[PDB]
Structures are given as C-alpha cells and as structure tokens.
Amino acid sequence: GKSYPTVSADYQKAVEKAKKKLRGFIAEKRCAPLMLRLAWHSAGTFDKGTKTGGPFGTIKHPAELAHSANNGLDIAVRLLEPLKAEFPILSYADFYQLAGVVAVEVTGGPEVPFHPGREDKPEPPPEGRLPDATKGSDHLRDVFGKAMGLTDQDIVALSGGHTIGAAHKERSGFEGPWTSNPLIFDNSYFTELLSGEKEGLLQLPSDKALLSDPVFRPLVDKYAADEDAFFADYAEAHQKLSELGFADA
C-alpha cells in the first residue's frame, strides 16, 4: 500500500550521487554493519497504531542517540556528517536509509529497492521500542509485529542482518561476531545458528528464539539451505522496514 511522493529531478540526482559516494565511503571505512544498524534503529521505532517513530531522521538528535539501545550509533552519525553535508538537498531520513541499503549492497547482499521522499520530523519517539536481546519469540512479535507491522517471515529474514558485524561489550555488553566472515553478506548467520555454538561466535537469546519457535524455525532452515531464498526475503523485508510510516505506514 505504498504511494511514494514526487521529488524533484535535482533531488533524484543527489540520491544517485549520494548512493555512489556512500558505497566508496562505507567500503573504505569498513563500517557497513554499523551503518546497517543505524538504518535499522532509525526505522525500528515505528508504532503502527499511533503512526509515531520510524525512519524520519530523528536518530541524529542527541535525545534519541542517548537511548541505551543506540549505544555506539553516535559514531555512525558522526562518520556520515561530512558526506551528508555534500548533499544538503537530501533529508537525513532518506540519507540514513540509503546508507543502510548501500551497507547491504557493498558487502555482497541483495539490491534493496530505494524510494526517496522521507521527511525529517521534529520529535523522536519515546525510548523503549527496539527489541531486547535477552527476550524471545513473543517479544519479537510484539516489537516487529504489533508495533512495526512486519510479518513473521520479515522477523527471521531481518534477523539475518546479523550476518554482518559484531557486538561490543562497551556498547550492548554482548561481544563478537555472529559469523566467521562479518563483512560478507551471506546466509552464514543461519548456518551457524543451526550448527551449535562455535567458539568465538555470538548467539543472542533473541537469535536462539528463532530455532525453537514453530513458525520461525522452518524459515531458518530454508535460509540456511537456500541463500537465494534468503536474499529475496531479506530484500522484501528491508525495503518494508526502511519504509515504515512512509508513503503509507
């Protein structure tokens, strides 16, 4: 149910230019996982019943960066500020979601469709909407389903974002990468989840919840067996995530 707004030709030119500069910047800085996290924490605050939160640029506000869920994302915001300044016509809202799309692309992931037009809104949402890594399936459905409005399939596929990156004990308190190749976007997150705990690799309680839930586990199995299937479902889910509350909800 998306009706994307019209933007000027100059806006579209800046999107295309920004997309290329973001590739080079994110690849050079090796910061794709952090940028994916920044885009996801931007979007993941959307509450469908109130139409508040969502990918509308508020994460750059000190009040939202201060949310404990967002520990470390001020680094992300700061890294992007010089490049953002080369594209004054773009909203921050669009710029951060574009960075998330590019982060997935430059690590070898699917090409997530991107539509411009998000406005930068004045009020950040209240703290507390992002998921708690220590809880399980009911909690994930509360947050992704009841608040954001995403499907069970979306929850499993988007969990596969942890195929890149790592936790840091000084940010969340968890520590280490989920995969042996944490700058490579692939289905390894699910293959590690199936195989048991391997030394040095991370599994959060929220990751493990996917293995015991009757709806989530067949999705984990599909994705571990079929990377192409993972990529298709991932791209659908990331696009939906990046567009919550935008161009209709």
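Don't overthink the numbering: it's just position in the shown sequence, from 1.
Tell me which of 55-63 and 26-34 has the higher mean C-alpha B-factor in the deposited entry. Higher mean C-alpha B-factor in the PDB entry: 55-63.
231-239 versus 5-13: which one carries the higher mean Cα B factor per the record? Higher mean C-alpha B-factor: 5-13.
Highest-ranked of 167, 157, 106, 76 once sorted by CA temperature factor in the record: Of the options given, 76 has the highest CA B-factor in the PDB entry.
Among 184, 39, 204, 215, single out the one with the highest C-alpha B factor in the record, please. Most elevated C-alpha B-factor of the set, per the entry: 215.
Relative C-alpha B-factor of residue 126, binned into the chain's lowest, middle or highest third: CA B-factor rank for residue 126: highest third.
So where's residue 119 on the chain's Cα temperature factor ranking, which third? CA B-factor rank for residue 119: highest third.
Consider only the C-alpha atoms of the modelled residues in this chain, order them by B-factor as the entry records it, and name the third containing residue 141: lowest, middle or highest. Answer is middle: the recorded C-alpha B-factor places it there.
Divide the modelled residues of the chain into thirds by Cα B-factor and specify which third, lowest, middle or highest, holds residue 46. As the PDB entry reports it, the C-alpha B-factor of residue 46 lands in the lowest third of its chain.
Would you please rank residue 113 by its C-alpha temperature factor against the other modelled residues of its chain and give the third it falls in: lowest, middle or highest? Answer is middle: the recorded C-alpha B-factor places it there.
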